[PDB]
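Structure file query-v7.pdb (PDB, C-alpha atoms) is printed below.
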ATOM      1  CA  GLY M   1     135.580  31.520  87.086  1.00  0.00           C
ATOM      2  CA  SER M   2     135.968  33.330  83.700  1.00  0.00           C
ATOM      3  CA  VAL M   3     133.453  32.074  81.043  1.00  0.00           C
ATOM      4  CA  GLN M   4     133.883  32.804  77.304  1.00  0.00           C
ATOM      5  CA  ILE M   5     131.268  32.208  74.558  1.00  0.00           C
ATOM      6  CA  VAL M   6     132.397  32.989  70.986  1.00  0.00           C
ATOM      7  CA  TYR M   7     129.555  32.492  68.490  1.00  0.00           C
ATOM      8  CA  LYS M   8     130.537  32.814  64.810  1.00  0.00           C
ATOM      9  CA  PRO M   9     128.319  30.981  62.275  1.00  0.00           C
ATOM     10  CA  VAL M  10     129.751  31.381  58.703  1.00  0.00           C
ATOM     11  CA  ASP M  11     126.899  30.917  56.342  1.00  0.00           C
ATOM     12  CA  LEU M  12     127.960  30.839  52.743  1.00  0.00           C
ATOM     13  CA  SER M  13     124.659  29.157  51.654  1.00  0.00           C
ATOM     14  CA  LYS M  14     122.418  29.675  48.615  1.00  0.00           C
ATOM     15  CA  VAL M  15     118.758  28.946  47.791  1.00  0.00           C
ATOM     16  CA  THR M  16     118.038  29.124  44.056  1.00  0.00           C
ATOM     17  CA  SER M  17     115.470  28.424  41.321  1.00  0.00           C
ATOM     18  CA  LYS M  18     115.521  28.577  37.498  1.00  0.00           C
ATOM     19  CA  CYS M  19     112.119  28.346  35.747  1.00  0.00           C
ATOM     20  CA  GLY M  20     111.882  28.517  31.901  1.00  0.00           C
ATOM     21  CA  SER M  21     108.329  29.980  32.009  1.00  0.00           C
ATOM     22  CA  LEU M  22     105.556  29.922  34.674  1.00  0.00           C
ATOM     23  CA  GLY M  23     102.861  28.671  32.258  1.00  0.00           C
ATOM     24  CA  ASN M  24      99.052  28.840  32.155  1.00  0.00           C
ATOM     25  CA  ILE M  25      97.342  28.647  35.573  1.00  0.00           C
ATOM     26  CA  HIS M  26      93.584  28.619  36.025  1.00  0.00           C
ATOM     27  CA  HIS M  27      91.914  28.907  39.484  1.00  0.00           C
ATOM     28  CA  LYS M  28      88.112  28.295  38.844  1.00  0.00           C
ATOM     29  CA  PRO M  29      86.491  26.852  42.055  1.00  0.00           C
ATOM     30  CA  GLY M  30      82.656  26.631  42.087  1.00  0.00           C
ATOM     31  CA  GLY M  31      80.360  28.871  44.177  1.00  0.00           C
ATOM     32  CA  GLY M  32      81.070  27.884  47.804  1.00  0.00           C
ATOM     33  CA  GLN M  33      78.605  28.407  50.672  1.00  0.00           C
ATOM     34  CA  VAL M  34      79.206  28.879  54.431  1.00  0.00           C
ATOM     35  CA  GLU M  35      76.583  29.194  57.193  1.00  0.00           C
ATOM     36  CA  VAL M  36      77.271  29.650  60.973  1.00  0.00           C
ATOM     37  CA  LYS M  37      74.767  29.959  63.884  1.00  0.00           C
ATOM     38  CA  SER M  38      74.896  30.818  67.616  1.00  0.00           C
ATOM     39  CA  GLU M  39      72.812  32.542  70.329  1.00  0.00           C
ATOM     40  CA  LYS M  40      75.855  34.064  72.158  1.00  0.00           C
ATOM     41  CA  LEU M  41      79.585  34.658  71.635  1.00  0.00           C
ATOM     42  CA  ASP M  42      81.594  35.559  74.771  1.00  0.00           C
ATOM     43  CA  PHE M  43      85.396  35.991  74.410  1.00  0.00           C
ATOM     44  CA  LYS M  44      87.854  36.977  77.221  1.00  0.00           C
ATOM     45  CA  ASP M  45      91.670  37.396  77.423  1.00  0.00           C
ATOM     46  CA  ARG M  46      93.666  37.165  74.159  1.00  0.00           C
ATOM     47  CA  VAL M  47      91.182  35.126  72.039  1.00  0.00           C
ATOM     48  CA  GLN M  48      91.646  35.159  68.271  1.00  0.00           C
ATOM     49  CA  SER M  49      89.048  33.614  65.931  1.00  0.00           C
ATOM     50  CA  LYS M  50      87.651  33.492  62.367  1.00  0.00           C
ATOM     51  CA  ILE M  51      83.963  32.622  62.665  1.00  0.00           C
ATOM     52  CA  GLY M  52      82.761  32.172  59.064  1.00  0.00           C
ATOM     53  CA  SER M  53      84.776  32.668  55.869  1.00  0.00           C
ATOM     54  CA  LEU M  54      85.265  31.677  52.255  1.00  0.00           C
ATOM     55  CA  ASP M  55      88.838  32.323  51.052  1.00  0.00           C
ATOM     56  CA  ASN M  56      90.085  31.851  47.426  1.00  0.00           C
ATOM     57  CA  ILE M  57      93.863  32.325  46.864  1.00  0.00           C
ATOM     58  CA  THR M  58      96.208  32.082  43.840  1.00  0.00           C
ATOM     59  CA  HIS M  59      99.813  32.642  44.989  1.00  0.00           C
ATOM     60  CA  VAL M  60     102.025  31.727  41.950  1.00  0.00           C
ATOM     61  CA  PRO M  61     105.288  33.151  43.458  1.00  0.00           C
ATOM     62  CA  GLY M  62     107.733  32.878  40.455  1.00  0.00           C
ATOM     63  CA  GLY M  63     110.565  31.594  42.672  1.00  0.00           C
ATOM     64  CA  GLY M  64     109.096  31.874  46.168  1.00  0.00           C
ATOM     65  CA  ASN M  65     112.188  30.513  47.900  1.00  0.00           C
ATOM     66  CA  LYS M  66     112.418  30.771  51.730  1.00  0.00           C
ATOM     67  CA  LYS M  67     115.632  31.044  53.802  1.00  0.00           C
ATOM     68  CA  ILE M  68     113.965  31.224  57.236  1.00  0.00           C
ATOM     69  CA  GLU M  69     116.756  31.363  59.841  1.00  0.00           C
ATOM     70  CA  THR M  70     115.346  31.888  63.369  1.00  0.00           C
ATOM     71  CA  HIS M  71     118.309  31.805  65.782  1.00  0.00           C
ATOM     72  CA  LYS M  72     119.417  32.719  69.410  1.00  0.00           C
ATOM     73  CA  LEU M  73     121.677  32.633  72.450  1.00  0.00           C
ATOM     74  CA  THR M  74     120.687  32.833  76.143  1.00  0.00           C
ATOM     75  CA  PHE M  75     122.656  32.987  79.456  1.00  0.00           C
ATOM     76  CA  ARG M  76     122.584  32.231  83.255  1.00  0.00           C
TER      77      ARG M  76
ATOM     78  CA  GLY N   1     134.174  36.261  87.380  1.00  0.00           C
ATOM     79  CA  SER N   2     135.001  37.757  83.920  1.00  0.00           C
ATOM     80  CA  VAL N   3     132.240  36.800  81.401  1.00  0.00           C
ATOM     81  CA  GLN N   4     132.840  37.441  77.687  1.00  0.00           C
ATOM     82  CA  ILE N   5     130.191  36.950  74.961  1.00  0.00           C
ATOM     83  CA  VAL N   6     131.282  37.591  71.326  1.00  0.00           C
ATOM     84  CA  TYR N   7     128.410  37.122  68.861  1.00  0.00           C
ATOM     85  CA  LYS N   8     129.342  37.592  65.156  1.00  0.00           C
ATOM     86  CA  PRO N   9     127.323  35.620  62.529  1.00  0.00           C
ATOM     87  CA  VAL N  10     128.981  36.039  59.118  1.00  0.00           C
ATOM     88  CA  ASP N  11     126.468  35.610  56.302  1.00  0.00           C
ATOM     89  CA  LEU N  12     127.304  35.779  52.563  1.00  0.00           C
ATOM     90  CA  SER N  13     124.059  33.996  51.608  1.00  0.00           C
ATOM     91  CA  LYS N  14     121.973  34.513  48.453  1.00  0.00           C
ATOM     92  CA  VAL N  15     118.265  33.760  47.849  1.00  0.00           C
ATOM     93  CA  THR N  16     117.656  33.848  44.105  1.00  0.00           C
ATOM     94  CA  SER N  17     115.181  33.320  41.230  1.00  0.00           C
ATOM     95  CA  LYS N  18     115.414  33.419  37.438  1.00  0.00           C
ATOM     96  CA  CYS N  19     111.996  33.129  35.736  1.00  0.00           C
ATOM     97  CA  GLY N  20     111.810  33.356  31.908  1.00  0.00           C
ATOM     98  CA  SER N  21     108.234  34.743  31.901  1.00  0.00           C
ATOM     99  CA  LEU N  22     105.399  34.809  34.491  1.00  0.00           C
ATOM    100  CA  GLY N  23     102.804  33.327  32.075  1.00  0.00           C
ATOM    101  CA  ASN N  24      98.988  33.567  31.843  1.00  0.00           C
ATOM    102  CA  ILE N  25      97.079  33.469  35.173  1.00  0.00           C
ATOM    103  CA  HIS N  26      93.291  33.342  35.618  1.00  0.00           C
ATOM    104  CA  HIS N  27      91.729  33.730  39.096  1.00  0.00           C
ATOM    105  CA  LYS N  28      88.020  33.083  38.296  1.00  0.00           C
ATOM    106  CA  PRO N  29      86.240  31.668  41.438  1.00  0.00           C
ATOM    107  CA  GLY N  30      82.410  31.416  41.202  1.00  0.00           C
ATOM    108  CA  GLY N  31      80.029  33.561  43.298  1.00  0.00           C
ATOM    109  CA  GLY N  32      80.593  32.581  46.954  1.00  0.00           C
ATOM    110  CA  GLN N  33      78.095  33.069  49.818  1.00  0.00           C
ATOM    111  CA  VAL N  34      78.545  33.549  53.612  1.00  0.00           C
ATOM    112  CA  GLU N  35      75.865  33.852  56.328  1.00  0.00           C
ATOM    113  CA  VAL N  36      76.575  34.298  60.109  1.00  0.00           C
ATOM    114  CA  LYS N  37      74.060  34.619  63.019  1.00  0.00           C
ATOM    115  CA  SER N  38      74.028  35.486  66.753  1.00  0.00           C
ATOM    116  CA  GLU N  39      71.770  37.220  69.301  1.00  0.00           C
ATOM    117  CA  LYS N  40      74.798  38.646  71.253  1.00  0.00           C
ATOM    118  CA  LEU N  41      78.571  39.229  70.871  1.00  0.00           C
ATOM    119  CA  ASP N  42      80.531  40.125  74.038  1.00  0.00           C
ATOM    120  CA  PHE N  43      84.324  40.613  73.706  1.00  0.00           C
ATOM    121  CA  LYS N  44      86.727  41.615  76.558  1.00  0.00           C
ATOM    122  CA  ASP N  45      90.534  41.956  76.866  1.00  0.00           C
ATOM    123  CA  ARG N  46      92.654  41.780  73.662  1.00  0.00           C
ATOM    124  CA  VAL N  47      90.192  39.771  71.502  1.00  0.00           C
ATOM    125  CA  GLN N  48      90.807  39.912  67.737  1.00  0.00           C
ATOM    126  CA  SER N  49      88.271  38.370  65.347  1.00  0.00           C
ATOM    127  CA  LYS N  50      86.762  38.142  61.830  1.00  0.00           C
ATOM    128  CA  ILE N  51      83.047  37.290  62.060  1.00  0.00           C
ATOM    129  CA  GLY N  52      81.969  36.939  58.381  1.00  0.00           C
ATOM    130  CA  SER N  53      84.053  37.370  55.194  1.00  0.00           C
ATOM    131  CA  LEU N  54      84.611  36.478  51.540  1.00  0.00           C
ATOM    132  CA  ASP N  55      88.243  36.996  50.450  1.00  0.00           C
ATOM    133  CA  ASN N  56      89.590  36.578  46.851  1.00  0.00           C
ATOM    134  CA  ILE N  57      93.385  37.034  46.394  1.00  0.00           C
ATOM    135  CA  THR N  58      95.900  36.863  43.488  1.00  0.00           C
ATOM    136  CA  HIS N  59      99.492  37.449  44.647  1.00  0.00           C
ATOM    137  CA  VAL N  60     101.713  36.734  41.556  1.00  0.00           C
ATOM    138  CA  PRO N  61     104.950  38.435  42.874  1.00  0.00           C
ATOM    139  CA  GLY N  62     107.495  37.881  40.012  1.00  0.00           C
ATOM    140  CA  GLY N  63     110.360  37.416  42.461  1.00  0.00           C
ATOM    141  CA  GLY N  64     108.727  36.169  45.708  1.00  0.00           C
ATOM    142  CA  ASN N  65     111.847  35.312  47.778  1.00  0.00           C
ATOM    143  CA  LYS N  66     111.960  35.583  51.632  1.00  0.00           C
ATOM    144  CA  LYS N  67     115.079  35.747  53.917  1.00  0.00           C
ATOM    145  CA  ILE N  68     113.311  35.937  57.307  1.00  0.00           C
ATOM    146  CA  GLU N  69     116.010  35.955  60.009  1.00  0.00           C
ATOM    147  CA  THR N  70     114.504  36.620  63.456  1.00  0.00           C
ATOM    148  CA  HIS N  71     117.039  36.642  66.313  1.00  0.00           C
ATOM    149  CA  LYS N  72     117.803  37.443  70.008  1.00  0.00           C
ATOM    150  CA  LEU N  73     120.394  37.291  72.752  1.00  0.00           C
ATOM    151  CA  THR N  74     119.449  37.533  76.460  1.00  0.00           C
ATOM    152  CA  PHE N  75     121.439  37.595  79.736  1.00  0.00           C
ATOM    153  CA  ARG N  76     121.418  37.029  83.588  1.00  0.00           C
TER     154      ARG N  76
ATOM    155  CA  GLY L   1     132.640  41.162  88.043  1.00  0.00           C
ATOM    156  CA  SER L   2     133.574  42.230  84.453  1.00  0.00           C
ATOM    157  CA  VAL L   3     130.935  41.524  81.741  1.00  0.00           C
ATOM    158  CA  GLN L   4     131.874  42.188  78.085  1.00  0.00           C
ATOM    159  CA  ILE L   5     129.278  41.738  75.307  1.00  0.00           C
ATOM    160  CA  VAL L   6     130.466  42.224  71.686  1.00  0.00           C
ATOM    161  CA  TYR L   7     127.711  41.969  69.074  1.00  0.00           C
ATOM    162  CA  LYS L   8     128.842  42.289  65.419  1.00  0.00           C
ATOM    163  CA  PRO L   9     126.869  40.436  62.686  1.00  0.00           C
ATOM    164  CA  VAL L  10     128.326  40.664  59.147  1.00  0.00           C
ATOM    165  CA  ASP L  11     125.348  40.193  56.967  1.00  0.00           C
ATOM    166  CA  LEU L  12     126.446  40.559  53.419  1.00  0.00           C
ATOM    167  CA  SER L  13     123.428  38.488  52.228  1.00  0.00           C
ATOM    168  CA  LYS L  14     121.414  39.314  49.049  1.00  0.00           C
ATOM    169  CA  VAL L  15     117.806  38.576  47.996  1.00  0.00           C
ATOM    170  CA  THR L  16     117.507  38.741  44.180  1.00  0.00           C
ATOM    171  CA  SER L  17     115.155  38.074  41.233  1.00  0.00           C
ATOM    172  CA  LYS L  18     115.215  38.252  37.418  1.00  0.00           C
ATOM    173  CA  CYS L  19     111.808  37.918  35.691  1.00  0.00           C
ATOM    174  CA  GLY L  20     111.815  38.195  31.853  1.00  0.00           C
ATOM    175  CA  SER L  21     108.207  39.512  31.650  1.00  0.00           C
ATOM    176  CA  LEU L  22     105.349  39.695  34.212  1.00  0.00           C
ATOM    177  CA  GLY L  23     102.730  37.975  31.987  1.00  0.00           C
ATOM    178  CA  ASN L  24      98.937  38.366  31.551  1.00  0.00           C
ATOM    179  CA  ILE L  25      96.914  38.206  34.818  1.00  0.00           C
ATOM    180  CA  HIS L  26      93.090  38.082  34.997  1.00  0.00           C
ATOM    181  CA  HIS L  27      91.327  38.417  38.393  1.00  0.00           C
ATOM    182  CA  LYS L  28      87.579  37.818  37.572  1.00  0.00           C
ATOM    183  CA  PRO L  29      85.842  36.482  40.760  1.00  0.00           C
ATOM    184  CA  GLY L  30      82.020  36.078  40.556  1.00  0.00           C
ATOM    185  CA  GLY L  31      79.499  38.225  42.480  1.00  0.00           C
ATOM    186  CA  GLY L  32      80.090  37.382  46.156  1.00  0.00           C
ATOM    187  CA  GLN L  33      77.549  37.695  48.995  1.00  0.00           C
ATOM    188  CA  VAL L  34      78.017  38.153  52.784  1.00  0.00           C
ATOM    189  CA  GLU L  35      75.346  38.536  55.503  1.00  0.00           C
ATOM    190  CA  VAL L  36      75.941  38.911  59.292  1.00  0.00           C
ATOM    191  CA  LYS L  37      73.340  39.324  62.117  1.00  0.00           C
ATOM    192  CA  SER L  38      73.264  40.084  65.873  1.00  0.00           C
ATOM    193  CA  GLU L  39      70.817  41.831  68.301  1.00  0.00           C
ATOM    194  CA  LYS L  40      73.734  43.199  70.478  1.00  0.00           C
ATOM    195  CA  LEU L  41      77.497  43.835  70.129  1.00  0.00           C
ATOM    196  CA  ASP L  42      79.500  44.706  73.283  1.00  0.00           C
ATOM    197  CA  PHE L  43      83.297  45.195  72.970  1.00  0.00           C
ATOM    198  CA  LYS L  44      85.618  46.249  75.852  1.00  0.00           C
ATOM    199  CA  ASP L  45      89.432  46.626  76.311  1.00  0.00           C
ATOM    200  CA  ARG L  46      91.697  46.326  73.221  1.00  0.00           C
ATOM    201  CA  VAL L  47      89.221  44.454  70.946  1.00  0.00           C
ATOM    202  CA  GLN L  48      89.823  44.677  67.176  1.00  0.00           C
ATOM    203  CA  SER L  49      87.328  43.062  64.762  1.00  0.00           C
ATOM    204  CA  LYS L  50      85.936  42.817  61.185  1.00  0.00           C
ATOM    205  CA  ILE L  51      82.210  41.930  61.164  1.00  0.00           C
ATOM    206  CA  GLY L  52      81.180  41.685  57.484  1.00  0.00           C
ATOM    207  CA  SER L  53      83.480  42.071  54.451  1.00  0.00           C
ATOM    208  CA  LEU L  54      84.076  41.224  50.789  1.00  0.00           C
ATOM    209  CA  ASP L  55      87.751  41.707  49.831  1.00  0.00           C
ATOM    210  CA  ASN L  56      89.152  41.275  46.262  1.00  0.00           C
ATOM    211  CA  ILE L  57      92.966  41.763  45.875  1.00  0.00           C
ATOM    212  CA  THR L  58      95.485  41.612  42.985  1.00  0.00           C
ATOM    213  CA  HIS L  59      99.019  42.275  44.327  1.00  0.00           C
ATOM    214  CA  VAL L  60     101.421  41.632  41.343  1.00  0.00           C
ATOM    215  CA  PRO L  61     104.569  43.282  42.932  1.00  0.00           C
ATOM    216  CA  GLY L  62     107.066  42.549  40.088  1.00  0.00           C
ATOM    217  CA  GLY L  63     109.927  41.464  42.408  1.00  0.00           C
ATOM    218  CA  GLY L  64     108.255  41.520  45.851  1.00  0.00           C
ATOM    219  CA  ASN L  65     111.185  40.040  47.813  1.00  0.00           C
ATOM    220  CA  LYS L  66     111.445  40.344  51.689  1.00  0.00           C
ATOM    221  CA  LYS L  67     114.533  40.494  54.029  1.00  0.00           C
ATOM    222  CA  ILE L  68     112.689  40.677  57.414  1.00  0.00           C
ATOM    223  CA  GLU L  69     115.314  40.609  60.210  1.00  0.00           C
ATOM    224  CA  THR L  70     113.940  41.407  63.704  1.00  0.00           C
ATOM    225  CA  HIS L  71     116.985  41.203  65.976  1.00  0.00           C
ATOM    226  CA  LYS L  72     118.001  42.143  69.594  1.00  0.00           C
ATOM    227  CA  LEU L  73     119.904  42.055  72.846  1.00  0.00           C
ATOM    228  CA  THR L  74     118.373  42.233  76.339  1.00  0.00           C
ATOM    229  CA  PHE L  75     120.047  42.214  79.801  1.00  0.00           C
ATOM    230  CA  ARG L  76     119.749  41.591  83.622  1.00  0.00           C
TER     231      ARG L  76
END
Taking this structure as input, can you express it in the form of structure tokens?
Amino acid sequence: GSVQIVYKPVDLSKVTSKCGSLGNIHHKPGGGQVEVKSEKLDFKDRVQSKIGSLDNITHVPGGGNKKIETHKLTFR
Amino acid sequence: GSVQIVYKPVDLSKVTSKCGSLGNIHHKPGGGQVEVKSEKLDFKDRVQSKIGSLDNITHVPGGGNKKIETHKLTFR
Amino acid sequence: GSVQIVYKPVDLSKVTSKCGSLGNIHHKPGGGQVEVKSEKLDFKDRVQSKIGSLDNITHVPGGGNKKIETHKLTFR
């Protein structure tokens, strides 16, 4: 009845970027407006919410590479 | 009945950037506006919430690389 | 009835950046406005909340790389 699991990934990989220069970036969005109305809010178990927002983002990561590697075993 | 589990991920990986210069960056959003209304808010178990916000962000990380590598085993 | 669990990752991985200069960065958002109203707030177990905010952020980490690696066993 003897069961053997040997698990040996060999990951010689690479993720790479070369950029000569990251240039001139302008983020100039106009004046946004947000309006939200209720009489009641009533939240129970494990709710998560964003109920009125205005979000301006410039990321410009300079080589934002990702090597996301979520991984698992399980048994019986 | 002998069970053997041998987990050994080898990983020689590289996540890499070369950037010659990070340039000229201008985060200039106009004047935003947010308005939010209720008579009542009523939050119970483990609620998490943002009711009204204005968020301006400039990240610009130079090297922005990620090697996220979440993992588990589990048994019986 | 013998169980043997051997757990030996070999993570020789590297996360790397070269940036030749971090440039000129100008975070100049306009005058924001936020307004939030209620007649009652009522929060119970394990609530966490933000109810009116104006948040301006410049990060500029100059090689903000991440090697996040949450990792585990569990048993029986």
Chain L onto chain N, all Cα, least squares, as a PDB file with C-alpha atoms, in the frame of the given file:
ATOM      1  CA  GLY L   1     133.978  36.492  87.598  1.00  0.00           C
ATOM      2  CA  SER L   2     134.832  37.550  83.985  1.00  0.00           C
ATOM      3  CA  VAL L   3     132.132  36.840  81.335  1.00  0.00           C
ATOM      4  CA  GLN L   4     132.989  37.493  77.657  1.00  0.00           C
ATOM      5  CA  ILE L   5     130.330  37.040  74.940  1.00  0.00           C
ATOM      6  CA  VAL L   6     131.436  37.515  71.291  1.00  0.00           C
ATOM      7  CA  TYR L   7     128.623  37.257  68.743  1.00  0.00           C
ATOM      8  CA  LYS L   8     129.671  37.566  65.063  1.00  0.00           C
ATOM      9  CA  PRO L   9     127.634  35.708  62.380  1.00  0.00           C
ATOM     10  CA  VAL L  10     129.011  35.925  58.808  1.00  0.00           C
ATOM     11  CA  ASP L  11     125.984  35.453  56.697  1.00  0.00           C
ATOM     12  CA  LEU L  12     127.002  35.808  53.124  1.00  0.00           C
ATOM     13  CA  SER L  13     123.955  33.738  52.007  1.00  0.00           C
ATOM     14  CA  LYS L  14     121.871  34.559  48.873  1.00  0.00           C
ATOM     15  CA  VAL L  15     118.239  33.823  47.903  1.00  0.00           C
ATOM     16  CA  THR L  16     117.854  33.979  44.095  1.00  0.00           C
ATOM     17  CA  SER L  17     115.435  33.307  41.203  1.00  0.00           C
ATOM     18  CA  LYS L  18     115.409  33.475  37.388  1.00  0.00           C
ATOM     19  CA  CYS L  19     111.964  33.142  35.739  1.00  0.00           C
ATOM     20  CA  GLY L  20     111.884  33.409  31.901  1.00  0.00           C
ATOM     21  CA  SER L  21     108.274  34.730  31.776  1.00  0.00           C
ATOM     22  CA  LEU L  22     105.475  34.924  34.402  1.00  0.00           C
ATOM     23  CA  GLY L  23     102.804  33.202  32.241  1.00  0.00           C
ATOM     24  CA  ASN L  24      99.003  33.598  31.890  1.00  0.00           C
ATOM     25  CA  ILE L  25      97.054  33.449  35.202  1.00  0.00           C
ATOM     26  CA  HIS L  26      93.235  33.331  35.468  1.00  0.00           C
ATOM     27  CA  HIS L  27      91.550  33.678  38.902  1.00  0.00           C
ATOM     28  CA  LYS L  28      87.783  33.082  38.167  1.00  0.00           C
ATOM     29  CA  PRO L  29      86.117  31.757  41.397  1.00  0.00           C
ATOM     30  CA  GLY L  30      82.291  31.358  41.281  1.00  0.00           C
ATOM     31  CA  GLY L  31      79.817  33.513  43.256  1.00  0.00           C
ATOM     32  CA  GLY L  32      80.489  32.679  46.919  1.00  0.00           C
ATOM     33  CA  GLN L  33      78.014  33.003  49.814  1.00  0.00           C
ATOM     34  CA  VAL L  34      78.568  33.470  53.591  1.00  0.00           C
ATOM     35  CA  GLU L  35      75.960  33.864  56.368  1.00  0.00           C
ATOM     36  CA  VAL L  36      76.641  34.249  60.142  1.00  0.00           C
ATOM     37  CA  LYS L  37      74.105  34.673  63.024  1.00  0.00           C
ATOM     38  CA  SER L  38      74.115  35.443  66.779  1.00  0.00           C
ATOM     39  CA  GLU L  39      71.726  37.199  69.257  1.00  0.00           C
ATOM     40  CA  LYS L  40      74.693  38.569  71.363  1.00  0.00           C
ATOM     41  CA  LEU L  41      78.448  39.199  70.928  1.00  0.00           C
ATOM     42  CA  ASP L  42      80.523  40.075  74.033  1.00  0.00           C
ATOM     43  CA  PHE L  43      84.313  40.558  73.633  1.00  0.00           C
ATOM     44  CA  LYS L  44      86.700  41.616  76.459  1.00  0.00           C
ATOM     45  CA  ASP L  45      90.524  41.988  76.831  1.00  0.00           C
ATOM     46  CA  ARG L  46      92.718  41.677  73.691  1.00  0.00           C
ATOM     47  CA  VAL L  47      90.188  39.803  71.478  1.00  0.00           C
ATOM     48  CA  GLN L  48      90.705  40.015  67.695  1.00  0.00           C
ATOM     49  CA  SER L  49      88.154  38.397  65.342  1.00  0.00           C
ATOM     50  CA  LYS L  50      86.681  38.145  61.798  1.00  0.00           C
ATOM     51  CA  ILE L  51      82.955  37.263  61.864  1.00  0.00           C
ATOM     52  CA  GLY L  52      81.841  37.010  58.209  1.00  0.00           C
ATOM     53  CA  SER L  53      84.073  37.385  55.123  1.00  0.00           C
ATOM     54  CA  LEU L  54      84.585  36.527  51.451  1.00  0.00           C
ATOM     55  CA  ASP L  55      88.238  37.003  50.409  1.00  0.00           C
ATOM     56  CA  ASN L  56      89.557  36.559  46.810  1.00  0.00           C
ATOM     57  CA  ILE L  57      93.362  37.041  46.336  1.00  0.00           C
ATOM     58  CA  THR L  58      95.815  36.878  43.390  1.00  0.00           C
ATOM     59  CA  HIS L  59      99.379  37.540  44.650  1.00  0.00           C
ATOM     60  CA  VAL L  60     101.712  36.886  41.614  1.00  0.00           C
ATOM     61  CA  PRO L  61     104.898  38.535  43.127  1.00  0.00           C
ATOM     62  CA  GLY L  62     107.329  37.791  40.230  1.00  0.00           C
ATOM     63  CA  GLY L  63     110.240  36.708  42.487  1.00  0.00           C
ATOM     64  CA  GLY L  64     108.646  36.775  45.967  1.00  0.00           C
ATOM     65  CA  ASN L  65     111.618  35.296  47.866  1.00  0.00           C
ATOM     66  CA  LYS L  66     111.966  35.610  51.735  1.00  0.00           C
ATOM     67  CA  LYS L  67     115.106  35.762  54.004  1.00  0.00           C
ATOM     68  CA  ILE L  68     113.339  35.956  57.429  1.00  0.00           C
ATOM     69  CA  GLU L  69     116.027  35.892  60.165  1.00  0.00           C
ATOM     70  CA  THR L  70     114.733  36.701  63.687  1.00  0.00           C
ATOM     71  CA  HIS L  71     117.828  36.498  65.890  1.00  0.00           C
ATOM     72  CA  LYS L  72     118.927  37.446  69.482  1.00  0.00           C
ATOM     73  CA  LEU L  73     120.903  37.364  72.690  1.00  0.00           C
ATOM     74  CA  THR L  74     119.452  37.553  76.217  1.00  0.00           C
ATOM     75  CA  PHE L  75     121.204  37.541  79.640  1.00  0.00           C
ATOM     76  CA  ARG L  76     120.991  36.928  83.468  1.00  0.00           C
TER      77      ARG L  76
END
Using only C-alpha atoms, I'd like a table of the residues in stretch 11-74 of chain N that come within 6 Å of stretch 32-52 of chain M; for each, show the closest atom pair and its distance in Å rounded to one decimal, ordered by chain and ascending number, as a Markdown table.
| residue | atom | partner | partner_atom | distance |
| --- | --- | --- | --- | --- |
| N:32 | CA | M:32 | CA | 4.8 |
| N:33 | CA | M:33 | CA | 4.8 |
| N:34 | CA | M:34 | CA | 4.8 |
| N:35 | CA | M:35 | CA | 4.8 |
| N:36 | CA | M:36 | CA | 4.8 |
| N:37 | CA | M:37 | CA | 4.8 |
| N:38 | CA | M:39 | CA | 4.8 |
| N:39 | CA | M:39 | CA | 4.9 |
| N:40 | CA | M:40 | CA | 4.8 |
| N:41 | CA | M:41 | CA | 4.7 |
| N:42 | CA | M:42 | CA | 4.7 |
| N:43 | CA | M:43 | CA | 4.8 |
| N:44 | CA | M:44 | CA | 4.8 |
| N:45 | CA | M:45 | CA | 4.7 |
| N:46 | CA | M:46 | CA | 4.8 |
| N:47 | CA | M:47 | CA | 4.8 |
| N:48 | CA | M:48 | CA | 4.9 |
| N:49 | CA | M:49 | CA | 4.9 |
| N:50 | CA | M:50 | CA | 4.8 |
| N:51 | CA | M:51 | CA | 4.8 |
| N:52 | CA | M:52 | CA | 4.9 |
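With distances restricted to all atoms listed in the file, L:30 is the closest residue to residue N:54 from L:21, L:5, L:30, L:10.
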Practice item. Work out how far apart atom CA of residue L:19 and atom CA of residue N:55 are and give it in Å to one decimal. Key: 27.8 Å
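Counting from atom CA of residue N:71, the distance to atom CA of residue N:12 is 17.2 Å.
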Practice item. Output the residue selection produced by the PyMOL selection byres ((chain N and resi 13-15) around 9) on the file above, formatted as number ranges by chain. Key: M: 11-17, 65-67; N: 11-12, 16-17, 65-67; L: 11-17
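What the PyMOL selection byres ((chain N and resi 72) around 10) grabs from this file is residues 70, 71, 72, 73 and 74 of chain M; 70, 71, 73 and 74 of chain N; 70, 71, 72, 73 and 74 of chain L.
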List every residue of chain M that has an atom at most 9 Å from any atom of chain L, and for each one report the closest atom pair and its distance in Å to one decimal, counting only C-alpha atoms, with rows sorted by chain and then by increasing residue number, as a Markdown table.
| residue | atom | partner | partner_atom | distance |
| --- | --- | --- | --- | --- |
| M:8 | CA | L:9 | CA | 8.7 |
| M:12 | CA | L:13 | CA | 8.9 |
| M:21 | CA | L:20 | CA | 8.9 |
| M:22 | CA | L:23 | CA | 8.9 |
| M:28 | CA | L:29 | CA | 8.7 |
| M:31 | CA | L:30 | CA | 8.2 |
| M:39 | CA | L:38 | CA | 8.8 |
| M:62 | CA | L:19 | CA | 8.0 |
| M:63 | CA | L:17 | CA | 8.1 |
| M:64 | CA | L:65 | CA | 8.6 |
